[PDB]
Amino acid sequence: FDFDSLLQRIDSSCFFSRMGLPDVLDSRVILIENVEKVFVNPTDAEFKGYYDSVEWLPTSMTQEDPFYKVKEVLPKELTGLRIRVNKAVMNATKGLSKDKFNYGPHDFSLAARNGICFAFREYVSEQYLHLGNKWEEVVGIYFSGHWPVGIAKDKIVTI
């Protein structure tokens, strides 16, 4: 695990730039067009039956990791890395367009910015402690310019 390689990848990234473009990702991805069709007026055709099963990925620091329920005290090094990945992702997410994050009275821009920082903090925990690859999958979608919003069995719902 190379932490500086992650910071330069974050450095040269284009987060949220490909939201609503019909790109080829993992077969596990369910692609929905926009925030309206995920969160305000969903249809189970676009969710491919999985709407009943979906849980939103965390969009706030006070929410629980859905993949690993790690109760352990973290190494001080890891605490240090999580603060540095958070600041890296905060700098790579300045001045996002609000239009792709807004529908009607709903603004999803804070949820998205919290959600991407959450995913990268947990990805660093995952790779540092060798816990698995659940966050590696989510972060790959972020690096491709999309927003993974939801887990429904082995599927990742994304814009």
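From 1 onward, residues are counted along the sequence shown.
Asks: Looking at the entry, does 85-93 or 67-75 show the higher mean C-alpha B-factor?
Replies: Of 67-75 and 85-93, the stretch with the higher C-alpha B-factor average is 67-75.
Asks: Pick between 13-21 and 140-148: the one whose mean CA B-factor in the entry is higher.
Replies: Going by the record's values, the stretch with the higher mean is 13-21.
Asks: Among 121, 134, 113, 48, where is the Cα temperature factor highest, going by the PDB entry?
Replies: Going by the entry's C-alpha B-factors, 48 comes out highest.
Asks: If you compare 52, 126, 55, 107, which has the highest Cα B-factor in the entry?
Replies: That would be 52.
Asks: Among all modelled residues of this chain, ranked by Cα B factor, put residue 117 in the bottom, middle or top third, i.e. lowest, middle or highest.
Replies: It falls in the bottom third of the chain.
Asks: Quick check for you: using the entry's CA B-factors within this chain, is residue 59 in the lowest, middle or highest third?
Replies: Lowest third.
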